[PDB]
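Here you get one chain, nothing else, as C-alpha coordinates; it is the form deposited in one PDB entry.
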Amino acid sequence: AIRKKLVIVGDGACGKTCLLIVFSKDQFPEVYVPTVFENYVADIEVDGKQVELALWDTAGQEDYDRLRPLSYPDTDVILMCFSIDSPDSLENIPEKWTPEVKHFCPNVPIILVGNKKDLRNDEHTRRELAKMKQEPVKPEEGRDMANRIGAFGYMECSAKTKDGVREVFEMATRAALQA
(Lines give C-alpha, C1' and ligand atoms only; values in the text may rest on other atoms or scores of the structure.)
Protein backbone atom coordinates (compact mmCIF):
# COMPACT_ATOMS: atom_id res chain seq x y z
CA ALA A 1 0.00 0.00 0.00
CA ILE A 2 1.35 3.38 -1.09
CA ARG A 3 0.54 6.43 1.11
CA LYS A 4 -1.30 9.42 -0.45
CA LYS A 5 -2.69 12.65 1.07
CA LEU A 6 -6.06 14.20 0.20
CA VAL A 7 -7.18 17.73 1.28
CA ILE A 8 -10.75 19.08 0.95
CA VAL A 9 -11.20 22.83 0.34
CA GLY A 10 -14.25 25.09 -0.18
CA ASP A 11 -16.54 27.59 1.60
CA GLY A 12 -17.82 27.02 5.16
CA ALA A 13 -21.24 25.76 3.94
CA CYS A 14 -20.01 23.48 1.10
CA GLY A 15 -20.55 20.33 3.29
CA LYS A 16 -16.88 19.24 3.27
CA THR A 17 -16.83 18.06 6.93
CA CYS A 18 -20.03 16.00 6.50
CA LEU A 19 -18.55 14.40 3.32
CA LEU A 20 -15.31 13.34 5.15
CA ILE A 21 -17.33 11.94 8.12
CA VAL A 22 -19.80 9.94 5.93
CA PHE A 23 -17.00 8.41 3.81
CA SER A 24 -14.80 7.49 6.85
CA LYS A 25 -17.65 5.69 8.71
CA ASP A 26 -19.51 4.45 5.49
CA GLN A 27 -22.64 5.75 7.24
CA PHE A 28 -24.66 8.98 7.63
CA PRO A 29 -24.54 9.29 11.46
CA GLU A 30 -27.90 8.16 12.87
CA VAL A 31 -27.62 9.83 16.32
CA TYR A 32 -25.15 12.74 16.24
CA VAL A 33 -23.51 14.47 13.29
CA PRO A 34 -20.03 15.54 14.53
CA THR A 35 -19.18 19.25 14.33
CA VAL A 36 -15.54 18.57 13.46
CA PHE A 37 -13.35 16.03 11.64
CA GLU A 38 -9.81 15.39 13.02
CA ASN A 39 -8.12 13.10 10.36
CA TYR A 40 -8.47 9.51 8.99
CA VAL A 41 -6.36 7.03 6.99
CA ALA A 42 -8.63 5.23 4.51
CA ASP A 43 -7.72 1.76 3.13
CA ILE A 44 -8.87 2.00 -0.50
CA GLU A 45 -8.34 -0.52 -3.31
CA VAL A 46 -8.90 1.11 -6.73
CA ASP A 47 -8.42 -0.71 -10.07
CA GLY A 48 -6.33 -3.38 -8.32
CA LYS A 49 -4.06 -0.97 -6.40
CA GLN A 50 -4.03 -0.80 -2.57
CA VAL A 51 -3.61 2.75 -1.16
CA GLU A 52 -3.58 4.35 2.35
CA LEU A 53 -5.41 7.66 1.75
CA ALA A 54 -4.93 10.20 4.61
CA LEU A 55 -7.90 12.61 4.75
CA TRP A 56 -7.81 16.26 5.92
CA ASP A 57 -10.36 19.07 6.30
CA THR A 58 -9.72 22.83 6.07
CA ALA A 59 -12.97 23.77 7.96
CA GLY A 60 -12.36 26.52 10.51
CA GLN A 61 -9.30 27.88 8.60
CA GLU A 62 -11.22 29.93 5.96
CA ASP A 63 -10.50 33.34 7.68
CA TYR A 64 -6.84 32.61 8.62
CA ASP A 65 -4.63 33.15 5.57
CA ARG A 66 -1.38 32.17 7.29
CA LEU A 67 -2.73 29.14 9.20
CA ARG A 68 -4.68 27.62 6.25
CA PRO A 69 -1.67 26.89 3.92
CA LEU A 70 -0.12 24.66 6.64
CA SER A 71 -2.71 22.01 5.63
CA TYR A 72 -1.30 21.92 1.99
CA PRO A 73 2.31 20.46 2.21
CA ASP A 74 2.72 17.24 0.16
CA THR A 75 -0.95 16.97 -0.86
CA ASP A 76 -1.45 14.37 -3.65
CA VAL A 77 -5.08 15.18 -4.51
CA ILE A 78 -7.40 18.17 -3.85
CA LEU A 79 -11.17 17.84 -3.58
CA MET A 80 -12.53 21.33 -4.30
CA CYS A 81 -16.08 21.47 -2.96
CA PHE A 82 -19.17 23.63 -3.53
CA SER A 83 -22.80 23.03 -2.50
CA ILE A 84 -25.46 22.45 -5.17
CA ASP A 85 -27.99 24.36 -2.95
CA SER A 86 -25.61 27.38 -3.04
CA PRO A 87 -24.71 29.04 -6.37
CA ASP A 88 -22.71 31.61 -4.29
CA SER A 89 -20.26 28.85 -3.18
CA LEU A 90 -19.71 27.93 -6.89
CA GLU A 91 -18.91 31.64 -7.64
CA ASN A 92 -16.09 31.60 -5.02
CA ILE A 93 -14.36 28.64 -6.76
CA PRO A 94 -12.39 30.36 -9.62
CA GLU A 95 -11.25 33.64 -8.02
CA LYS A 96 -10.62 32.61 -4.41
CA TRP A 97 -9.90 28.85 -3.97
CA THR A 98 -8.45 27.94 -7.39
CA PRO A 99 -5.52 30.50 -7.34
CA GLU A 100 -4.62 29.50 -3.73
CA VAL A 101 -4.65 25.74 -4.45
CA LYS A 102 -2.62 26.25 -7.70
CA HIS A 103 0.04 28.31 -5.81
CA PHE A 104 0.53 25.99 -2.76
CA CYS A 105 -0.17 22.68 -4.65
CA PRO A 106 1.27 23.15 -8.20
CA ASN A 107 0.47 20.29 -10.59
CA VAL A 108 -1.73 18.51 -8.00
CA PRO A 109 -4.97 17.19 -9.55
CA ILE A 110 -8.13 18.97 -8.48
CA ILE A 111 -11.51 17.17 -8.52
CA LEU A 112 -14.40 19.71 -8.46
CA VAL A 113 -17.22 18.18 -6.33
CA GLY A 114 -20.83 19.31 -6.16
CA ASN A 115 -22.07 18.30 -2.67
CA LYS A 116 -25.73 18.04 -1.46
CA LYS A 117 -27.08 16.89 -4.86
CA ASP A 118 -30.19 15.62 -2.96
CA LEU A 119 -31.22 19.33 -2.49
CA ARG A 120 -31.41 19.96 -6.30
CA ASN A 121 -35.07 18.87 -6.28
CA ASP A 122 -35.92 19.86 -2.67
CA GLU A 123 -38.96 22.17 -2.45
CA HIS A 124 -37.69 24.20 0.54
CA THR A 125 -34.38 24.84 -1.29
CA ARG A 126 -36.09 25.89 -4.55
CA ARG A 127 -38.38 28.26 -2.59
CA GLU A 128 -35.52 29.80 -0.54
CA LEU A 129 -33.20 30.32 -3.56
CA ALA A 130 -35.95 31.99 -5.68
CA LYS A 131 -36.18 34.83 -3.08
CA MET A 132 -32.68 36.02 -4.18
CA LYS A 133 -33.20 35.36 -7.98
CA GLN A 134 -31.29 32.05 -7.75
CA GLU A 135 -31.82 28.27 -8.32
CA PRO A 136 -29.93 25.00 -7.43
CA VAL A 137 -26.70 24.53 -9.44
CA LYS A 138 -27.31 22.58 -12.68
CA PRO A 139 -24.93 19.65 -13.53
CA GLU A 140 -23.76 21.48 -16.71
CA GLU A 141 -22.85 24.62 -14.71
CA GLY A 142 -20.68 22.35 -12.51
CA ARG A 143 -19.04 20.79 -15.60
CA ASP A 144 -18.39 24.24 -17.16
CA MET A 145 -16.69 25.53 -13.96
CA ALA A 146 -14.60 22.32 -13.69
CA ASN A 147 -13.46 22.72 -17.33
CA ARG A 148 -12.76 26.46 -16.74
CA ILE A 149 -10.46 25.90 -13.67
CA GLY A 150 -8.57 22.99 -15.33
CA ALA A 151 -10.02 20.38 -12.94
CA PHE A 152 -8.99 16.72 -13.39
CA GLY A 153 -12.74 15.93 -13.35
CA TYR A 154 -16.23 16.86 -12.18
CA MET A 155 -18.27 14.74 -9.72
CA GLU A 156 -21.45 15.01 -7.62
CA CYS A 157 -22.53 13.36 -4.36
CA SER A 158 -24.92 13.50 -1.40
CA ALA A 159 -23.46 12.96 2.09
CA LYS A 160 -27.12 12.57 3.33
CA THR A 161 -27.93 9.43 1.24
CA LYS A 162 -24.27 8.33 0.56
CA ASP A 163 -24.95 8.34 -3.25
CA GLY A 164 -21.77 9.11 -5.20
CA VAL A 165 -19.58 9.36 -2.06
CA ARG A 166 -17.51 6.17 -2.57
CA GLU A 167 -17.03 7.06 -6.28
CA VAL A 168 -15.53 10.51 -5.41
CA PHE A 169 -12.96 8.98 -3.02
CA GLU A 170 -12.04 6.13 -5.41
CA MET A 171 -11.52 8.64 -8.25
CA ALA A 172 -9.48 10.89 -5.92
CA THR A 173 -7.28 7.83 -5.23
CA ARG A 174 -6.79 7.19 -8.98
CA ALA A 175 -5.88 10.91 -9.51
CA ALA A 176 -3.34 10.80 -6.59
CA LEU A 177 -1.68 7.71 -8.24
CA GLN A 178 -1.09 9.44 -11.65
CA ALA A 179 2.28 11.05 -12.63
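Between two forms, the rigid core is defined as the largest C-alpha subset superposing within 1.5 Å. Note that residue numbering begins at 1 and tracks the sequence as displayed.
Just so you know, the form deposited in another entry exists too; it's not on screen, but the next bit is about it.
Exercise. Identify which of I149, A59, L129, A54 has its C-alpha displaced by 2 Å or more between the shown form and the other one once the rigid core is superposed.
Key: Going through each option, the one that shifts is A59.
Quiz prompt | Post core alignment: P139 C-alpha displaced by 2 Å or more between the shown form and the other one | solution = Comparing the forms between the shown form and the other one, which are aligned on their rigid core, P139 does not shift its C-alpha by 2 Å or more.
Quiz item: For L70, is the CA shift between the shown form and the other one at least 2 Å following rigid-core superposition?
Solution: For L70, whose C-alpha is compared between the shown form and the other one after core superposition, the shift is less than 2 Å.
Quiz item: How does the CA gap of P34 and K162 change in the other form versus this form, closer or farther, if it moves 3 angstroms or more?
Solution: Relative to the displayed form, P34 and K162 move farther apart in the other form - a change of at least 3 Å between their C-alphas.
Quiz item: in the other form, do the Cα atoms of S24 and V33 sit closer or farther apart than here, given a shift of 3 Å or more?
Solution: Those two alpha carbons end up farther apart in the other form.
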